[PDB]
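Visitor: Can you look at this? It's an experimental structure, sequence on top.
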Protein chains: 2
Amino acid sequence: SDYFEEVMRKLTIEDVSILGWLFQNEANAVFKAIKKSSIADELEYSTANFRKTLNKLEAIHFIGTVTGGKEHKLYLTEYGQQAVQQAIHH
Amino acid sequence: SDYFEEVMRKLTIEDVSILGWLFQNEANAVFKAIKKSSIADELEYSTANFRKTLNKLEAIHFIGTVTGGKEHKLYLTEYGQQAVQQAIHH
């Protein structure tokens, strides 16, 4: 919480954009996960920029990745979800 | 703390190795910072492996980077330092 809000405070705009989107798309559990592409093609970003974001966001354990074949899908974790009800709303 | 220990629990061996080294080298403030190379050349790792580590460790705000010219130097943050007195010792 001290530490969590530290992480909160260091969020880039890329970071929030993604999070808020996943959220608005309700992607908050494995079965509710979404393919990266679907999000990419909604947000005009670069690649190494959009890939650096996902690398961070996952690293700080704010999102979950579902693998297998096809393309990768993404959900908000517990903590990821906090981040959004906090940043976006209050 | 709930969240912090979450991040704690997800630590790789790369992750701890670096941290513990910095710590054993007392690199816990900007002036006490250490060049990457000095650590690299003490730990037989890859590059994209050793680079992925530093990218994470910084992303989760457990280490600090000092820029400028020359090579980059690294210190443990507040949180980074907790991680070590916790993991390594108890």
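Guide: Everything's here; your move. Residues are numbered from 1 along each chain as shown, chains lettered A, B, ... in the order given.
Visitor: for the spatially most central residue of chain A, what are its contacts?
Guide: Closest to where the C-alpha atoms of chain A average out (Cα atoms, centre = their mean) is residue A:19, at 3.9 Å. Taking Cβ atoms under 8 Å, 6 or more residues apart in numbering or on different chains as the contact definition, residue A:19 lies against A:57, A:62-63, A:76, A:80, A:83-84, A:87. Where you see a C-beta, it was placed from the backbone N, CA and C, and this is true even at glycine.
Visitor: which SSE is it in?
Guide: helix A:13-24 (DSSP states H and E).
Visitor: Flag every buried residue along that helix.
Guide: When neighbours are counted by 16 or more other Cβ atoms under 10 Å in any protein chain shown, the buried residues of helix A:13-24 are found to be A:14-19, A:21-23.
Visitor: got it, and stretch A:22-34?
Guide: Taking 16+ other Cβ under 10 Å as the criterion, stretch A:22-34 shows A:22-23, A:25, A:27-28, A:33-34 as buried.
Visitor: what's the farthest-apart pair in the contacts of residue A:19?
Guide: Spanning the widest gap among the contacts of residue A:19 are A:63 and A:87, at 14.3 Å by Cβ to Cβ.
Visitor: Neighbour count for these two, which is higher?
Guide: Counted by other Cβ atoms under 10 Å in any protein chain shown, residue A:63 and residue A:87 do not tie: residue A:63 has more neighbours, with 25 against 15.
Visitor: So the nearest residue to residue A:35 once chain neighbours are set aside: helix, strand or coil?
Guide: By the measure of Cβ to Cβ, 6 or more residues apart in numbering or on different chains, the closest residue to residue A:35 outside its immediate chain neighbours is residue A:71, 4.6 Å from it. For residue A:71, the reduced secondary structure class is coil; criterion used: DSSP: H, G, I helix; E, B strand; the rest coil.
Visitor: Now residue A:35. Its backbone dihedrals?
Guide: Taking degrees, to the nearest 10, you get phi -70, psi 140 for the backbone angles of residue A:35.
Visitor: Now do the contacts for it.
Guide: When contacts are counted by Cβ under 8 Å, 6+ apart, residue A:35 is found next to A:70-74.
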